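Coming up is one lone chain in structure tokens, specifically the form deposited without this ligand.
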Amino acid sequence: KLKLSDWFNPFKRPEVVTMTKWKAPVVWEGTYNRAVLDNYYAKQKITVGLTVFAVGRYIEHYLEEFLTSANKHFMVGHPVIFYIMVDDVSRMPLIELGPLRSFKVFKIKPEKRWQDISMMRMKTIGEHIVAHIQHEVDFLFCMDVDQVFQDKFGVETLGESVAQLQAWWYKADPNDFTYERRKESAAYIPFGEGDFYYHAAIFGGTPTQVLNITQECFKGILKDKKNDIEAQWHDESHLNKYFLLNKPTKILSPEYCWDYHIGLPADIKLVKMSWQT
């Protein structure tokens, strides 16, 4: 069962849009009940996966912190599989993992740019979802290495299709959103429409959802290529158009991916995960 009412109570957070026009929740510190959710999901033998790519120098100075922090804050108390797509392998750090954590590594072909590093990422993720991830996990999360888990990034984050709110553009409104306005691009979003500006550093859902996500972002990135057009913010733009045309069932708040470069407004009480510098 489990109704939105069982774990989420908006009236707990300082009027900062906890619901959306499609009745979806926006998880903010103090509006979720981990306690309940943990039990609910444990009783279901739920296991969560996390894909992370690291090519070139990134692996050298980001991967370790990512993995070390994730192993300490991500879905603690629940079966987690880390899928590490790397270009080298002979270089990646084997950090010790704790209870309910395990992983597998994958050697991925580098290309350097975005029309690659970021284009293939979408193709690769789907290829893997269909190949094995769908059979190994109940909920999948795709993220960027250059991030760092700061505190419990628990199961209140789960959902059929989860989206992150870009830390910067969340106060702003649709017409200031850096969508792709060149109507010649597939990630094109007019100037009237627009719900939120989602971050490409975090997005998840069920394997099936993520598959459709990556798949659509890829076929679109691929299309812009055969069109000599490169959407600004590459993957982020296509994603943003997908989430506009396929509303997420759950939006996380800037607290789940915060940029400390912005400081720390009272709107942000507990930082689950920040940007790496």
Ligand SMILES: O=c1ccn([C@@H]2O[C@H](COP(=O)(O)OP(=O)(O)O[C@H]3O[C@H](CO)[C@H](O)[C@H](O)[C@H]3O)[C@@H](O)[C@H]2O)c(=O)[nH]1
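Shifts are known only where both forms have a C-alpha. Residue numbers run from 1 along the displayed sequence. C-alpha atoms forming the largest set that superposes within 1.5 Å between two forms make up the rigid core.
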| query | finding |
| --- | --- |
| Between the two ranges 218 to 226 and 61 to 69, the one averaging a larger CA B factor in the entry | 218 to 226 |
| Higher-scoring stretch by recorded Cα B factor average, 206 to 214 or 51 to 59 | 51 to 59 |
| Largest Cα B-factor, entry values, listed residues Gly154, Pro110, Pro99, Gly159 | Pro110 |
| Top Cα B factor in the deposited entry, candidates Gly126, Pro93, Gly192, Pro79 | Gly192 |
| Within-chain third of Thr20 by Cα B-factor, per the entry | middle |
| Among modelled residues of the same chain, the CA temperature factor third for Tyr40 | lowest |
| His132 - which third its CA temperature factor falls in, relative to the rest of the chain | lowest |
| Third assignment of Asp87 from its chain's C-alpha B-factors | middle |
| Third assignment of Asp173 from its chain's C-alpha B-factors | middle |
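The same protein also has a form solved in complex with this ligand, omitted here; what follows describes it.
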{"query": "Contacting member of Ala70, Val48, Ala54, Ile251, with respect to this ligand in the entry with it bound [4.5 Å, heavy atom]", "finding": "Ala54"}
{"query": "The single option of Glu127, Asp144, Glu136, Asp195 touching this ligand in the entry with it bound, heavy atom within 4.5 Å", "finding": "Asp144"}
{"query": "One stretch from 38 to 46, 22 to 30, 209 to 217, 54 to 62 that, in the entry with it bound, holds residues within 4.5 Å of this ligand by heavy atom", "finding": "54 to 62"}
{"query": "In the entry with it bound, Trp233 touching this ligand (heavy atom, 4.5 Å)", "finding": "yes"}
{"query": "In the entry with it bound, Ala200 touching this ligand (heavy atom, 4.5 Å)", "finding": "yes"}
{"query": "This ligand contact at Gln150 in the entry with it bound, heavy atom, 4.5 Å", "finding": "no"}
{"query": "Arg121: touches this ligand in the entry with it bound, heavy atom cutoff 4.5 angstroms", "finding": "yes"}
{"query": "Sequence-ordered runs, three or more residues, C-alpha shift 2 Å or more between this form and the one not shown, rigid core", "finding": "114 to 116"}
